[PDB]
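>>> Experimental structure and its sequence below.
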Amino acid sequence: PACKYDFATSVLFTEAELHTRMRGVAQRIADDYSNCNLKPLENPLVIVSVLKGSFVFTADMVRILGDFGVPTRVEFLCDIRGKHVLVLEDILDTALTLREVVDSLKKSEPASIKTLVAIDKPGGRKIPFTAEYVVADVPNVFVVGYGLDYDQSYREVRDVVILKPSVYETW
Amino acid sequence: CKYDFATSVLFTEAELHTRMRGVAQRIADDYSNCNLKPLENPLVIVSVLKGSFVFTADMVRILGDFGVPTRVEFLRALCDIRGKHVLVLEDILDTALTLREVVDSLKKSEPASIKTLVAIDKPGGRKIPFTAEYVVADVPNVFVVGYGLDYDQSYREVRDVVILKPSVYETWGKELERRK
Ligand SMILES: Nc1nc2c(ncn2[C@H]2C[C@@H](COCCP(=O)(O)O)N(C(=O)CCP(=O)(O)O)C2)c(=O)[nH]1
Ligand SMILES: Nc1nc2c(ncn2[C@H]2C[C@@H](COCCP(=O)(O)O)N(C(=O)CCP(=O)(O)O)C2)c(=O)[nH]1
Ligand SMILES: [Mg+2]
Ligand SMILES: [Mg+2]
């Protein structure tokens, strides 16, 4: 047993560890955008949330950004010309999605574009791509939780965990 | 009040979560004979309205603590739900025009059962009769932001549900006019 979850071989990042890492990222974002005079209504940071599972990351991250004085408005994948855009994704793997999203948003002429991902899987790149902000790295191993799914289940798990091979083989 | 844009805090984050844990226990009890399990038979969460991502993110994790596994779908600005149990989530229920349509549409697919859970219910806003099975907070006719709820797309990130200062929206409203 040892692992808290009967469906996981091991826990990689707890909810608390993820929030701690996300607070470190939020401090950097607060400093990086301090010369942008972000304000609710007049000038929020535009959060563009990409991929269905990212709703969890996105919910926690905007709240933490608020704790740090970075006000936001959210879009899920418009009116962004001259606004700062921060694309959120719960997992960066091949980078094919984020490359397409970033390139498409540039056509709307935002004042700036950066990306922030909860889980970077550098081993999966099919094109070169570096996110400006990375909460945590994961090696080659199939993880679920914190919004990340296996066949639509286990997104609600509060930690990022390694899915036990027996689960997806059988399924 | 620590928010300069708010008249006062109405529901703290902790109060919302406490109330959501009470609701979660009822849901775990209500569905306990449905044999919910991941993959095989999760509860299907249908999340409606853009601001509902915050409520939905917290609620599925809390339902997980209570042994209710889920999968999620979004309807903002459907799938294999026939024979499945469906719980529709919405951060605010007001006129009920949206939820009435979503539920009736979903019923055309003949789920095993369908219920609604809402974070904020404003009973005084109804334009048609509607009662959610599960209600985190019943709110009177005051204008609130936070916990997913916006004013012109801002303030969703506020961790509490707070009463917006009238000056904020009459000043912003006026400004939005100088632009049109
Ligand atoms: N759950 C999980 N998926 C993994 C893992 N390693 C790779 N994948 C792939 C599966 C596929 C679909 O994933 C949507 C998950 P959601 O965002 O809805 O939570 N991915 C992308 O599409 C990334 C966007 P990319 O950079 O590749 O374009 C990631 C892992 O360990 N765990
Ligand atoms: N922010 C805020 N909105 C309030 C309040 N009282 C009423 N409303 C309305 C405004 C309008 C659009 O709000 C989407 C917010 P989001 O879901 O994206 O978070 N509503 C609906 O459309 C409900 C769906 P209905 O039941 O009417 O069909 C709720 C309040 O106090 N505060
Ligand atoms: Mg997905
Ligand atoms: Mg909305």
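Great, that's in hand. Numbering: from 1, shown residues only, chains lettered A, B, ... in the order given. Ligands and ions are numbered 1, 2, ... in the order given.
>>> Please count neighbours and contacts with C-alpha atoms only from this point.
Fine.
>>> Now do the contacts for residue A:25.
Shown in contact with residue A:25 (Cα atoms under 8 Å, 6 or more residues apart in numbering or on different chains): A:133, A:134, A:135.
>>> So what pairs up with residue A:115 in the strands?
Residue A:115 forms beta bridges with residue A:87, as assigned by DSSP bridges.
>>> Counting neighbours, what do you get for it?
Residue A:115 has 19 neighbouring residues, counting by other Cα atoms under 10 Å in any protein chain shown.
>>> Touching, it and residue A:131? I think so.
Yes - using Cα atoms under 8 Å, residue A:115 makes contact with residue A:131 at a distance of 5.2 Å.
>>> how about the helices in chain A?
Assigned helices in chain A, in chain order: A:15-32, A:55-67, A:96-106, A:165-170 (criterion: DSSP state H).
>>> number of nearby residues for residue A:103?
Count around residue A:103 with other Cα under 10 Å applied: 11.
>>> for residue A:1, same thing?
9.
>>> With residue A:3 instead?
A count of nearby residues for residue A:3, using other Cα under 10 Å, gives 11.
>>> One more: residue A:42?
By the criterion of other Cα under 10 Å, residue A:42 has 10 neighbours.
>>> Okay, it and ligand 2: tell me how far apart.
The spacing between residue A:42 and ligand 2, counted by Cα to the nearest ligand atom, to the nearest Å, is 17 Å.
>>> same deal with residue A:104?
25 Å.
>>> What of residue A:122?
According to Cα to the nearest ligand atom, residue A:122 stands 35 Å off from ligand 2.
>>> now for the helices of chain A, which one comes closest to residue A:76?
Nearest of the helices of chain A to residue A:76, taken as Cα to Cα: helix A:55-67 at 8.7 Å.
>>> Please tell me how far that closest one is from the chain's geometric centre.
10 Å (Cα atoms, centre = their mean, to the nearest Å).
>>> now for it, which elements pack on it?
Contacts defined by 3 or more Cα pairs under 8 Å, 6 or more residues apart in numbering or on different chains; DSSP states H and E place helix A:55-67 against helix A:15-32, strand A:72-76, strand A:84-92, helix B:53-65.
>>> Let me have the ones you listed in JSON lines, extended by distance to ligand 4.
Formatted as JSON lines, those follow (distance: least, Cα to the ion, whole Å):
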{"stretch": "helix A:15-32", "distance to ligand 4": "25"}
{"stretch": "strand A:72-76", "distance to ligand 4": "10"}
{"stretch": "strand A:84-92", "distance to ligand 4": "19"}
{"stretch": "helix B:53-65", "distance to ligand 4": "10"}
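>>> For ligand 1, find the nearest of those.
For ligand 1, the closest of these is strand A:84-92, at 3.8 Å, according to Cα to the nearest ligand atom.
>>> Nearest to ligand 2: which residue in chain A?
Counting by Cα to the nearest ligand atom, chain A gets nearest ligand 2 through residue A:74, at 10.1 Å.
>>> quick one, what contacts that residue?
Contacts were defined as Cα under 8 Å, 6+ apart; by that measure residue A:74 touches A:46, A:47, A:48, A:49, B:153.
>>> which pair in those spans the largest distance?
Maximum pairwise distance among the contacts of residue A:74 (Cα to Cα): 14.4 Å, between A:49 and B:153.
>>> and among the helices of chain A, the most buried is which?
Most buried of those, by mean neighbour count (mean count of other Cα atoms under 10 Å in any protein chain shown): helix A:55-67, with a mean of 23.
>>> hmm, that helix touching ligand 1?
No - shown here: helix A:55-67 not in contact with ligand 1 (Cα under 6 Å from any ligand atom), separated by at least 8.4 Å.
>>> Equivalent analysis for stretch A:157-168, please.
No - using Cα under 6 Å from any ligand atom, stretch A:157-168 never reaches ligand 1; the gap is at least 7.7 Å.
>>> For that stretch, measure first residue to last.
This stretch, stretch A:157-168, spans 16 Å end to end (Cα to Cα, to the nearest Å).
>>> contacts for that stretch?
A:7-15, A:141-147, A:150, B:61, B:64.
>>> and with 6 Å instead?
For stretch A:157-168, the external contacting residues (Cα atoms under 6 Å, 6 or more residues apart in numbering or on different chains) are A:7-15, A:142-146.
>>> where does chain A come near ligand 1, residue by residue?
Close to ligand 1, as judged by Cα under 6 Å from any ligand atom, chain A has residues A:51-54, A:90-98, A:141-144, A:147-150.
>>> Mind doing that once more with 5 Å?
Counting by Cα under 5 Å from any ligand atom, the residues of chain A close to ligand 1 are A:51-53, A:92-97, A:142-144, A:148-149.
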